[PDB]
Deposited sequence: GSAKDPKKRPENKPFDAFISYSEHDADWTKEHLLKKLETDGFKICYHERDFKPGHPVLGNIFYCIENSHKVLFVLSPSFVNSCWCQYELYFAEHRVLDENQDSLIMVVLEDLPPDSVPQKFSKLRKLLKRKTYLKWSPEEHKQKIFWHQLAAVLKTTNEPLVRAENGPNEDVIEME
């Protein structure tokens, strides 16, 4: 695949995602797809939602209440769930209240219940581990 990851995130989380997650990954040599930059309306290749996920090794979701509660983010979750499995990566930027994910997102719900995510932390020491573990998970097979 030409991209290591397609990244999805809420508008609320855009500043953090662009300044920390995307900056770090791209500075570290990963090739990233994301719609805000790479979706081109009307373009026959780049102007549809299948392009990024079909051409990325992993799909990474930045999760927070703002993401889970958004109509548009829920549609994006639905799409990844139903299209995409080892290729899914969940980053918990802010804790999700219990049972706040709609019950019909049963795959995402099982992943969270099974503690298969990486959790952001404000502490330098934990953030250092976070970035190493995020690089590791991006390089796993599918």
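Novice: Where does the structure fail to cover the deposited sequence at the C-alpha level?
Specialist: No C-alpha for residues 1-12, 97-100, 159-176.
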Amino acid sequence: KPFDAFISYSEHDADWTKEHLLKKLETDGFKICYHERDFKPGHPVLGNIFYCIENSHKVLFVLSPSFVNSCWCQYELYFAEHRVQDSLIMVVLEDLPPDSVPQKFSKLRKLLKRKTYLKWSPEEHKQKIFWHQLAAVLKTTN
From here on, numbers count along this sequence of modelled residues.
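Novice: Select between 25-33 and 42-50 the stretch whose C-alpha atoms have the higher average B-factor in the entry.
Specialist: Looking at the record's C-alpha B-factors, the answer is 25-33.
Novice: According to the deposited model, is the average Cα temperature factor higher in 70-78 or in 94-102?
Specialist: Taking the mean B-factor of the alpha carbons in each, 94-102 is higher.
Novice: Could you look up the Cα B-factor of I89 in the entry and say which third of the chain it sits in: lowest, middle or highest?
Specialist: CA B-factor rank for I89: lowest third.
Novice: What third of the chain, by the recorded C-alpha B-factor, contains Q127?
Specialist: Answer is highest: the recorded C-alpha B-factor places it there.
Novice: Once the chain's modelled residues are ordered by C-alpha B factor and cut into thirds, is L118 in the lowest, middle or highest one?
Specialist: Its C-alpha B-factor belongs to the middle third of this chain's values.
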